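Below sits a lone chain in structure tokens, taken as the form deposited in one PDB entry.
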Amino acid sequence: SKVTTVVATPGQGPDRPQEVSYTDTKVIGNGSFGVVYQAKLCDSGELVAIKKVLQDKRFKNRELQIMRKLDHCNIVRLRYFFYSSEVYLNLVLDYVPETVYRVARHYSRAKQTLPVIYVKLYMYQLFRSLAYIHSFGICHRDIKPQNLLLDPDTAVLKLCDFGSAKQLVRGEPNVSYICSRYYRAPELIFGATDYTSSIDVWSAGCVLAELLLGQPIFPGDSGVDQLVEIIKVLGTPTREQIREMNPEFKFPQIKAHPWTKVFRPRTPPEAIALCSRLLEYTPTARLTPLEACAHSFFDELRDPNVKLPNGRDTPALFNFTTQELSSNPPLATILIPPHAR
């Protein structure tokens, strides 16, 4: 009700703060960082989330520094940011009301399967945001279904939560206990710290596969139990596999559970061939997010007529930028279909 008025710097553009007014603040989430609110900007009527972190006062916020570099339609945009209170950094973000987690669980609670057309849309917009994120050498490191925001009506997916993303410095090592356990790549559990952006892709597989199965593919009861779960679907990792993951542990030996069966009968051939492609031991083996997009599974989305179950056209899926294409520029004719040139 009470309209709060702050002095806020636009997320992008020149550092020139404006008076921004918002009201109807309610809490919609919280964690170690702090709290997320939903508010209504008084002047555009538009809804926003406000992530209230806690700023090390005498330290530069990594998330803030990362959000500013970022403008992509499948990523929650940092519209503004301000400070308040000792001292809290506030990120004013796009609000989107649903998450893949919550959608995936409604289906699962009702023992149905999320329509493959939604799996496609959502996974594609996910590989997109990462192709973009990774082109800057920024690893998300918490790719999990509740960091995927969805618009029920328009089928837009926006990646959110960069509260543990990092500009990866090759030659520079990092922390290995990151990601949500179920979505955490094997090398991470192995103690690797020399890792790459492939870890995000493993998380995507973990998602892809959970959308298909209606439950987490690898559900460990702890950091270490996690690898036991991966193991029972892929088997054990071998020389160049463990090599590739990290240059200790103590587990048991198990056989390679065939893919085209880890799921259910009606599951599409390409989706299965996707995961097998993602969910891979060696990290150089996992496909690239851009390269992922390319792969068949998403072909239906390259069909000129495709529409949303509710008869609307698909959200804008081909508005690529060269910044977005940077990684692998020679592959547009198979990512941009004619009808969008």
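The term rigid core refers to the maximal set of C-alpha atoms that superpose within 1.5 Å between the two forms. All residue numbers refer to positions in the sequence shown, first residue = 1. Residues that one form lacks are left out of the comparison.
The segment from residue 247 to residue 248 is interrupted, since 1 to 3 residues of the deposited sequence in that interval carry no coordinates.
In this entry, residue 253 and residue 254 are joined directly, with no residue of the deposited sequence lacking coordinates between them. Looking at mean Cα B-factors across 291 to 299 and 276 to 284, the upper value is held by 291 to 299. Higher mean CA B-factor, judged across 303 to 311 and 27 to 35 from the recorded values: 27 to 35.
Looking only at 264, 72, 181, 105, the residue with the top Cα B factor in the deposited structure is 264. Ranking 270, 161, 200, 225 by the C-alpha B-factor listed in the PDB entry places 270 at the top. When all modelled residues of the chain are sorted by CA temperature factor, residue 111 is found within the highest third.
Among the modelled residues of its chain, residue 258 has a C-alpha B-factor that falls in the highest third according to the deposited record.
Placement of the Cα temperature factor of residue 173 within the chain: highest third of the modelled residues, per the deposited record.
Remark: residue 133 belongs to the middle third of its chain, ranked by C-alpha B-factor as recorded. When the modelled residues of the chain are ordered by their C-alpha B factor, residue 89 lands in the highest third.
Quick note: we don't show the form solved in complex with a partner chain, though the next part is all about it.
Contact annotation for residue 189: at least one heavy atom lies within 4.5 Å of the partner chain in the deposited complex. The closest heavy atom approach of residue 251 to the partner chain in the deposited complex falls within 4.5 Å.
Of the heavy atoms in residue 242, some are within 4.5 Å of the partner chain in the deposited complex.
In the deposited complex, the partner chain stays beyond 4.5 Å of every heavy atom belonging to residue 167. This chain appears without its partner; in the deposited complex, the one residue of 227, 117, 138, 234 with a heavy atom within 4.5 Å of the partner chain is 227.
Remark: of stretches 215 to 223, 67 to 75, 129 to 137, 196 to 204, the one touching the partner chain in the deposited complex is 215 to 223 (heavy atom within 4.5 Å).
With the core superposed, residue 255 shows a C-alpha displacement of at least 2 Å between this form and the one not shown.
Core-superposed comparison between this form and the one not shown: residues with C-alpha shifts of 2 Å or more form a single run of three or more, at 248 to 255.
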